[PDB]
Amino acid sequence: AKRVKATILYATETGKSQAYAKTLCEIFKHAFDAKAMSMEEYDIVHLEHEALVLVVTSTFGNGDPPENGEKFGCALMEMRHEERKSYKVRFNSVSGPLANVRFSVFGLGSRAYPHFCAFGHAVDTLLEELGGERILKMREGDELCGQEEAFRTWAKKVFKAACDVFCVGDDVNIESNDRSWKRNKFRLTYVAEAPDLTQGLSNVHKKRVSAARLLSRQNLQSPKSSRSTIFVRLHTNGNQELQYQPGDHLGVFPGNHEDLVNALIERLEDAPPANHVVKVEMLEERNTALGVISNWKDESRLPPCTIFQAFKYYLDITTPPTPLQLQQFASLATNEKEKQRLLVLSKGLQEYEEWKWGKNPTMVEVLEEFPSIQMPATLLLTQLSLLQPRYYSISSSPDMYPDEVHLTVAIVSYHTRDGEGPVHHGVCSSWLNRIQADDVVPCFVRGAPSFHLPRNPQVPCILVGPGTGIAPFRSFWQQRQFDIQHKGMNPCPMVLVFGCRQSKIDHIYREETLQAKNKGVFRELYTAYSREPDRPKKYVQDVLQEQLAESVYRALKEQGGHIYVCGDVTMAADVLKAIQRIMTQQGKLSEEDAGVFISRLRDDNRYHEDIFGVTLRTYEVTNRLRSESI
Amino acid sequence: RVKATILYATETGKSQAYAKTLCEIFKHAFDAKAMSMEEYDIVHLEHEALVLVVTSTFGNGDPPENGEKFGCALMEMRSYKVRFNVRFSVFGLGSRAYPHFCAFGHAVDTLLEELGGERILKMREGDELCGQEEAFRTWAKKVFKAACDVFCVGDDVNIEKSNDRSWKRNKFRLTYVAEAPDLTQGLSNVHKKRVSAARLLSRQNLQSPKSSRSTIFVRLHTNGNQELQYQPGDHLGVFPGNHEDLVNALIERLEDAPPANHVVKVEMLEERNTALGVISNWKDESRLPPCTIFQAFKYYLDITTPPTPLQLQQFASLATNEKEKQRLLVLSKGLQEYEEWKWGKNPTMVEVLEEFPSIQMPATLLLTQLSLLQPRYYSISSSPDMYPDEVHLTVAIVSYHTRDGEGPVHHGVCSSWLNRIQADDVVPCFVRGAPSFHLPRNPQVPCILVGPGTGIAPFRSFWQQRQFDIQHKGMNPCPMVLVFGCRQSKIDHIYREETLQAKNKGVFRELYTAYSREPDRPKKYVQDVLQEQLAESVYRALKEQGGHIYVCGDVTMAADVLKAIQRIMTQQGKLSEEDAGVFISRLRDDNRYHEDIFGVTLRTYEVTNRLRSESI
Ligand SMILES: Cc1cc2nc3c(=O)[nH]c(=O)nc-3n(C[C@H](O)[C@H](O)[C@H](O)COP(=O)(O)OP(=O)(O)OC[C@H]3O[C@@H](n4cnc5c(N)ncnc54)[C@H](O)[C@@H]3O)c2cc1C
Ligand SMILES: Cc1cc2nc3c(=O)[nH]c(=O)nc-3n(C[C@H](O)[C@H](O)[C@H](O)COP(=O)(O)OP(=O)(O)OC[C@H]3O[C@@H](n4cnc5c(N)ncnc54)[C@H](O)[C@@H]3O)c2cc1C
Ligand SMILES: NC(=O)c1ccc[n+]([C@@H]2O[C@H](COP(=O)([O-])OP(=O)(O)OC[C@H]3O[C@@H](n4cnc5c(N)ncnc54)[C@H](OP(=O)(O)O)[C@@H]3O)[C@@H](O)[C@H]2O)c1
Ligand SMILES: NC(=O)c1ccc[n+]([C@@H]2O[C@H](COP(=O)([O-])OP(=O)(O)OC[C@H]3O[C@@H](n4cnc5c(N)ncnc54)[C@H](OP(=O)(O)O)[C@@H]3O)[C@@H](O)[C@H]2O)c1
Ligand SMILES: Cc1cc2nc3c(=O)[nH]c(=O)nc-3n(C[C@H](O)[C@H](O)[C@H](O)COP(=O)(O)O)c2cc1C
Ligand SMILES: Cc1cc2nc3c(=O)[nH]c(=O)nc-3n(C[C@H](O)[C@H](O)[C@H](O)COP(=O)(O)O)c2cc1C
Ligand SMILES: O=S([O-])[O-]
Ligand SMILES: O=S([O-])[O-]
């Protein structure tokens with residue numbers, strides 16, 4: 001029972017928890033026999049016999065487990081569950097089998113969301129009730145301020161605390177450094193077989209990606225708008241992989257703009273032409289009883305391909321470097337002043353914060369700001385993060401549009417340095433806005449069972465969502481419309497609470513919702529204008545408290561109706577207060593009965609929320625929170 | 001060298017094996033490669049010099065799943081059901097027990113031509129029931145020489161054709177690992193598809209206790225798993241566990257030393273020749289995940305399917321006797337001797353090692369040469385609207401005696417596993433849509449549901465759905481007709497009270513049952529109820545009412561039914577066997593005549609024999 005095993009479990013949606021977990025395993029390799037596994041890869045049957053367990057997990061959606069964390073969270077939730085309390089009740093709330101085990105939790109999250117680091121807190125809370133002995137109190141990493149930084153602190157303490165408790169680490173010492181990057185470690189070797197895009201992305205992200213097809217794209221806003229929102233039609237080609245129900249999302253895999261990809265490639269020192277199928281092989285120095293066995297292997301992260309296809313379809317080249325990545329960049333800088341700035345930023349303290357949040361630098365902008373960096377083709381290919389797919393609410397009814405998938409996409413573009421800097425185009429939205437019909441569209445369907453229309457047609461539904469948060473409601477109404485016209489049903493009509501900036505500029509799908517109302521689908525259509533010169537600023541929160549307070553109340557309290565909120569997390573949080581008020585001031589219930597009534601609706605799946613994350617007033621919201629919390 | 005792309009389609013993995021071997025032969029005179037019709041750009045096709053196609057046919061003449069993309073691509077680039085139900089040559093695996101024999105291979109062969117394609121050799125067929133591996137080896141040599149001269153290489157090593165990718169003794173080793181994945185995750189890695197962990201809620205027999213046979217009702221909980229969303233008509237792919245006794249008998253007969261409780265992995269020696277030796281390293285085989293050998297045999301590997309001729313030859317060089325090593329050699333040549341052996345005894349791997357006890361079996365040969373345990377498909381018997389977060393299955397428990405009922409009992413792998421797993425045990429499975437076996441979008445048209453025994457399975461979701469659209473969505477769909485079939489009304493009438501009830505609620509207009517072993521009345525099949533009781537309701541539906549007819553179950557039955565309806569078209573409406581037969585062709589492409597083939601599930605022994613006798 002020597003060489004204590006340290007099991008590092010992680011859950012992630014974009015790769016941050018996974019990275020930190022790797023870094024954490026590397027550290028524990030010093031005094032312990034450590035392993036880093038995704039929560040889904042791990043077999044819950046070993047847990048009770050685990051000596052030490054370290055959890056690094058983010059939280060997603062509406063205070064939920066990352067998708068690859070759901071199974072593990074249910075499992076715990078199960079072993080621990082005499083009856084009561086739901087996950088949504090205790091951990092995302094409105095205001096022993098593991099005796100042998102020692103653990104500690106680090107959770108990633110954002111103060112921009114209601115239930116900050118919810119999944120980390122549930123796991124942390126749950127391992128303790130199951131009989132586990134917590135080493136360090138749970139620490140939280142805020143994506144808005146010092147996330148990578150707070151990881152180090154905790155990583156340091158927890159290691160020290162583990163060494164102390166297990167009484168090992170009298171030979172491990174006070175301390176880049178690991179599988180980071182080193183020139184005699186990674187090598188790009190030639191290959192003659194380059195997979196197909198959708199097949200390569202399936203390997204890379206361990207899931208089946210189907211090739212969809214672009215049929216058309218149209219502007220949903222006036223040509224006189226400064227903004228742009230596009231209606232996109234895709235042909236699924238029969239593929240049963242792409243079956244969906246109204247409410248579900250489509251995950252899409254973009255391509256970085258070629259110019260940016262090229263600028264980047266033309267800045268590498270030693271790099272084959274940006275065209276030669278090259279696999280990446282790494283010098284892996286294993287270790288045996290004989291001594292140390294060293295040899296070449298396949299990194300096996302990216303599939304065989306040209307560096308161009310790699311930077312274009314598989315690697316994140318626009319997300320600002322983490323402090324770690326800057327550290328590897330620094331040791332490549334050949335200019336005194338130019339290299340110290342790199343080391344100052346490597347800290348993740350304020351300078352980093354200001355630089356990142358101020359310049360929102362792409363990989364290219366960084367190499368160009370510190371032109372004395374000798375960038376190795378293999379450092380990027382192995383250190384950059386994978387290009388993540390972006391999710392989009394499906395905007396079509398599969399009955400009204402068989403073998404078709406529609407999307408409503410806000411075109412993200414903004415100026416850096418608070419309007420002074422150049423333009424940065426969102427990766428997926430700008431891609432979806434320029435692909436041609438011959439272009440393949442890598443995607444998959446991710447069902448959203450908490451956001452499907454009710455099984456019972458005769459109950460009232462209130463659909464709340466500003467801007468593109470209307471996207472899924474378009475599948476709701478098209479679907480209800482088809483039901484009426486062809487299935488011979490008379491479902492209780494619904495109410496739509498939309499919200500935008502200007503009557504004849506932003507009200508997307510206006511006529512389309514009109515036509516749907518005349519057909520019985522909707523009882524009434526409410527709209528909140530926020531930048532109308534002719535009146536005051538109104539938000540769906542307002543339309544709800546000023547013109548539906550009664551309907552809302554009668555719908556939810558007597559008619560057994562449902563309310564659906566979709567879009568920006570700030571709005572959704574506001575809509576939850578507007579409803580808590582309407583419930584209080586329209587039924588005489590304190591912040592108690594109103595809160596518990598809501599908390600009940602959710603419980604019974606009658607209060608639905610589909611969070612897009614932070615999409616509205618991004619600058620002002622991120623700015624307020626960033627500051628206010630440091 | 002010329003580049004030869006060998007494209008293969010496969011479900012149970014036989015065509016895959018054939019292509020990899022085909023690749024090892026074409027290596028001699030060509031630059032040959034092998035991959036799925038999915039792991040390939042259909043755009044590169046036209047820029048190919050030589051394309052070899054090895055593909056099986058599934059469904060009812062349908063392309064295997066991984067051969068769906070490719071199929072329609074050649075179709076548009078150049079309906080399917082109608083017609084079939086660069087240099088290149090096709091070899092299609094199949095079975096003469098199915099109507100549209102090698103339908104996919106014959107379709108791909110036809111369409112390649114219609115795309116600037118020149119055929120080398122006449123497309124061959126490989127009947128799973130008689131001389132499959134035999135016709136392949138042949139066509140294999142005949143097409144090699146054929147392309148060899150077509151592309152003009154002269155006198156080269158045309159005698160080399162037991163090859164290289166075949167197990168040797170220091171090309172493989174089992175290195176310990178202290179971290180083995182969870183089963184469902186391991187399976188997702190092995191089969192490259194998302195497999196979810198579902199849990200058993202309950203199982204109950206739907207046949208009378210006084211029955212000799214047995215069918216079970218199975219309820220699984222999806223656990224809110226979005227990956228497990230389905231529609232009535234869809235199938236659930238399930239991964240079972242082999243029985244422990246057979247797993248431990250197999251381990252205890254093993255030569256290699258791996259304790260069974262230790263996690264291991266299979267590394268293979270990757271060597272790259274040089275001018276004075278070789279530059280090499282041990283890479284992970286990476287077919288199976290790290291797991292205990294007990295777990296590989298119980299959950300990842302097929303230890304019951306009879307050894308192929310290729311796997312026997314290998315056992316040959318491992319027998320320490322002479323008769324044994326010789327019988328092995330005889331059987332290694334998939335001919336009369338081997339076919340009689342296999343079909344007659346249908347030996348598990350364990351029985352093979354016991355019929356030939358001098359074989360010294362190393363663990364790394366089984367772990368690398370045995371086929372992957374394939375998942376079994378089951379028609380979902382529940383409506384998702386009626387049973388949220390639930391998946392129900394109707395499962396016939398397969399169990400037969402070898403050597404024509406004279407030998408030991410052999411249990412169906414998945415059916416028997418599903419028949420003994422305990423509540424809450426994990427059930428790895430996934431959902432595979434059947435877009436061609438879904439209820440019509442128009443619920444105001446009549447549907448005629450035909451299917452005996454377990455063939456009823458998808459209809460229980462059809463009628464639970466309709467019952468739900470009625471009792472809850474407030475719609476009034478055109479009532480349906482159920483044409484069922486079983487052995488004895490008092491024994492085999494599974495879900496009798498349920499279909500009965502579905503009638504009382506307006507789901508079903510009428511319920512027609514056919515019995516085949518009622519010791520009173522004659523042996524009536526469902527094809528006999530169509531003609532002898534509804535020949536008119538069927539004609540009016542498929543001709544005037546814009547109706548739909550769904551056929552589900554054994555391929556033989558489904559065929560007797562097609563040939564029946566085609567006549568009900570002649571007789572009742574007056575059109576010839578080419579005017580009614582092609583009208584059903586228009587039905588199957590208009591998607592109003594639905595078929596869902598389970599394979600050969602009925603009268604297996606009787607049927608598959610006459611068929612061996614058919615071709616032989
Ligand atoms: C379940 C779900 C459903 C969704 N459905 C939809 C949908 O239906 N329709 C839709 O349009 N979107 C939807 N989204 C949002 C969407 O997926 C993408 O986040 C969005 O299109 C932007 O992606 P991008 O790839 O274009 O830009 P990305 O390049 O990734 O860039 C966005 C990042 O830009 C920064 N950026 C943006 N604005 C500014 C600014 N003003 N100032 C400084 N920096 C800024 C932020 O740091 C932000 O994270 C959904 C998200 C989720 C999780
Ligand atoms: C789309 C689809 C849907 C299906 N739906 C269902 C369903 O809903 N319900 C259901 O019960 N089944 C269904 N099946 C059949 C099912 O999937 C399995 O084939 C079946 O349960 C048996 O699997 P097993 O794994 O138990 O036996 P397996 O071990 O694979 O064994 C069967 C093999 O045994 C031989 N064997 C069987 N009987 C005999 C005999 N009498 N004499 C000599 N040799 C014999 C055959 O060679 C056969 O291949 C479906 C198949 C498909 C393709
Ligand atoms: N700044 C840029 O150049 C730029 C460019 C591309 C995309 N983007 C971003 O990408 C997003 C996509 O646009 P979109 O179509 O979804 O919507 P949008 O036009 O940004 O706004 C949606 C509507 O909801 C309102 N709203 C804002 N905050 C709210 C809150 N906290 N609670 C309730 N309602 C609220 C808005 O009011 P307001 O009048 O207050 O906005 C607006 O009327 C944009 O909203 C924007 O943040 C910005
Ligand atoms: N051979 C065995 O002893 C044995 C035992 C247990 C399970 N099994 C297998 O497991 C399967 C599951 O049983 P099941 O519930 O699906 O059904 P089943 O009991 O095998 O029979 C389904 C019904 O369909 C009839 N039928 C048979 N062949 C037909 C054809 N060619 N065309 C139209 N109708 C036909 C049968 O009549 P008949 O009376 O003419 O068969 C029977 O009444 C079995 O059918 C069988 O394959 C076999
Ligand atoms: C749609 C979306 C929903 C999110 N929901 C929450 C949330 O409820 N609580 C929280 O603390 N953070 C939330 N976040 C922030 C992530 O948890 C955080 O960005 C984290 O750094 C991502 O970590 P990962 O890369 O490991 O998955 C959310 C982010 C997105 C894009
Ligand atoms: C449900 C099912 C349906 C089948 N349908 C056909 C068919 O229409 N035509 C044919 O020639 N073979 C058919 N077969 C036989 C396969 O083509 C044959 O068993 C082949 O050996 C499987 O090869 P594979 O393992 O490479 O996919 C079918 C087999 C099953 C299990
Ligand atoms: O300051 S740099 O971006 O020129
Ligand atoms: O094989 S069953 O007992 O898990």
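No hydrogens, no waters, no symmetry mates; every other heavy atom, side chains included, goes into these values. Numbers restart at 1 for each chain; the letters A, B, ... are given by sequence-line order, proteins then strands.
Contacts between A:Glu40 and chain B at a heavy-atom distance below 4.5 Å involve backbone atoms as well as side-chain atoms. Contacts between B:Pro388 and chain A at a heavy-atom distance below 4.5 Å involve the side chain alone, from C-beta outward. For a residue to count as touching a neighbouring chain, one of its non-hydrogen atoms must lie under 4.5 Å from one of that chain's; by this rule B:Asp234 does not touch chain A. Contacts between A:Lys71 and chain B at a heavy-atom distance below 4.5 Å involve the side chain alone, from C-beta outward. Of the two parts of B:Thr175, only the side chain, counted from C-beta on, holds a non-hydrogen atom closer than 4.5 Å to a non-hydrogen atom of chain A. Heavy atoms of B:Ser188 lying under 4.5 Å from chain A are absent altogether. Within the 4.5 angstrom heavy-atom criterion, no atom of A:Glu70 approaches chain B. Contacts between B:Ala197 and chain A at a heavy-atom distance below 4.5 Å involve the side chain alone, from C-beta outward. Both the backbone and the side chain of A:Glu41 have a heavy atom closer than 4.5 Å to some heavy atom of chain B. At a 4.5 Å heavy-atom cutoff, the contact between A:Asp399 and chain B is made by backbone and side-chain atoms alike.
The number of heavy atoms from other shown groups lying within 6.0 Å of NZ (A:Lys207) is above 12. No more than 12 heavy atoms of other residues, nucleotides or ligands sit less than 6.0 Å from atom CZ of B:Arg1.
No donor-acceptor distance shorter than 3.5 angstrom exists from the side chain of B:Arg173 to the backbone of B:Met268, with no hydrogens or angles considered. Counting only distance, with no hydrogens or angles, the side chain of B:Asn223 and the backbone of B:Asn225 share no donor-acceptor pair below 3.5 Å.
Note that CD1 of B:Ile380 and CD of B:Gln231 are 10.0 Å apart. Values are rounded to the nearest 0.5 Å.
A salt bridge is defined here as a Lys NZ or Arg NE, NH1 or NH2 lying under 4.0 Å from an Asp or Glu carboxylate O, and A:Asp33 with A:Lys5 fails to meet this definition. Of the charged side-chain nitrogens involved, at least one lies within less than 4.0 Å of a carboxylate oxygen, so that B:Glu179 and A:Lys35 count as a salt-bridged pair.
Of the listed residues B:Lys192, B:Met35, B:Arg194, B:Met475, the one with more heavy-atom pairs under 4.5 angstrom with chain A than any other is B:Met475.
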Chi angles and distances behind the side chain to side chain donor-acceptor pair (under 3.5 Å) call for A:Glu50, A:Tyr42: CA-CA 12 Å; A:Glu50 212 63 68; A:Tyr42 182 74; 2.7 Å; yes

